[PDB]
Amino acid sequence: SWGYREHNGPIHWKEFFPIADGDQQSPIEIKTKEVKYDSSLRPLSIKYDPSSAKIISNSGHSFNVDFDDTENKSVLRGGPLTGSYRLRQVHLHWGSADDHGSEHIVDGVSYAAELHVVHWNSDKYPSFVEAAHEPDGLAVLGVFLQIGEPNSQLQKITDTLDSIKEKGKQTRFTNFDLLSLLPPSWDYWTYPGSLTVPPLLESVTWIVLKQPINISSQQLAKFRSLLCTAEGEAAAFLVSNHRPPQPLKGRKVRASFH
Ligand SMILES: NS(=O)(=O)c1c(F)c(F)c(S(=O)(=O)CCO)c(NCc2ccccc2)c1F
Ligand SMILES: [Zn+2]
């Protein structure tokens, strides 16, 4: 029963998941003057199939779009990665205020929100659950959102949120243009880190895009009316679901660009 409320939020997760204080925890502050440009980093290359999307649900912690992941139809390759990382799910983090919702921050600055696209190393591991337990097992693409013109694929998401208000509810969700929630510039920073929710496993190669996309305030506000509580529980709202930046512990953040 972890969450983001006073009694169960990020500062308390260590009481139940001691890896919360680990060597490679996420999110982090990206400090661009300590960032190392690296010419061995490949550009990202992304295959994606809009029919791969299957459903959206309320986890109680965010919404999740899950995708069929039995084939290599939607994959992330290149970047810092060796081999092919199969798309598993997409979700979003925000805060209670439009100007402070992202998980990662860049030189002191937070964004309105931050989209996570989660993939697993199917070249090496048999399942997402098993990859999540290996240092090279997961690759998560992070995209910042700033307040601006409404994104139509974000609108496709927000239009479902009344149908998944309570924790555990879900609904059909396919023909999802995920590539259109990426910015035009695919420059990125990368570092080794973890899930930003319990179990906080240090299995993530983070790939955070420099350029934000746009969401409207109205679109962003709709996420805050999702519940973190289930049908016939006393209602609590998911108004904020971002973890604070965690100690870097000397890890190297590399850039694809200079
Ligand atoms: N920010 S993150 O990429 O580290 C993240 C979430 F934000 C998140 F909300 C979730 S979720 O568990 O709350 C959605 C549940 O359906 C997971 N999933 C965590 C996880 C990953 C691998 C193995 C076990 C749990 C998750 F991995
Ligand atoms: Zn996330």
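No hydrogens, no waters, no symmetry mates; every other heavy atom, side chains included, goes into these values. In this chain, numbering begins with 1 at the start of the sequence shown.
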So that I can tick it off, tell me whether [Y] and [X] are bridged by a salt bridge, with the cut-off set at under 4.0 angstrom between side-chain N and carboxylate O.
X	Y	answer
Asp69	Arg86	no
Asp159	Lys222	no
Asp136	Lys124	yes
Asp23	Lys249	no

*asked:* Checking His100 now: which residues fulfil ring-ring contact (aromatic ring centres under 6.0 Å, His included) with it, not counting sequence neighbours?
replied: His242
Test item: [X] and [Y] side chains (from C-beta on) under 4.5 Å apart, heavy atoms:
X	Y	answer
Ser84	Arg77	yes
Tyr48	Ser74	yes
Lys165	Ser225	yes
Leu220	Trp94	yes
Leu138	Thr205	no
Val208	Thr190	no
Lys210	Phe257	yes
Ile215	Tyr111	no

State whether a side-chain donor-acceptor pair under 3.5 Å links [X] with [Y].
X	Y	result
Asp38	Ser40	yes
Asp177	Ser180	yes
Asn214	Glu149	no

_Evaluation steps, side-chain contact (heavy atoms from CB on, under 4.5 Å), between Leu227 and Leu238_ = CA-CA 5 Å; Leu227 305 174; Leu238 198 56; over 6 Å; no
*Over 60° means perpendicular and under 30° means parallel, so classify the ring planes of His104 and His116, tilted if in between.*
perpendicular
*What about the rings of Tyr4 and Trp13, do their centers lie closer together than 6.0 Å?*
yes
_Using the ring centroid of each side chain, check whether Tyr37 and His258 are separated by less than 6.0 Å._
yes
*From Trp2 atom CH2 to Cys228 atom SG, the distance as rounded to the nearest 0.5 Å*: 10.0 Å
_Let me confirm one number: the OG-CZ distance from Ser57 to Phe173, rounded to the nearest 0.5 Å._
11.0 Å
So does [Y] get a backbone contact from the side chain of [X], meaning a donor-acceptor N/O pair under 3.5 Å?
X	Y	result
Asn58	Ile164	yes
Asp107	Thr32	yes
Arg243	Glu103	no

*asked:* If you apply the rule side-chain contact (heavy atoms from CB on, under 4.5 Å), what do you find for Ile28 with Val253, and how did you get there?
replied: CA-CA 10 Å; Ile28 55 162; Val253 178; 3.5 Å; yes
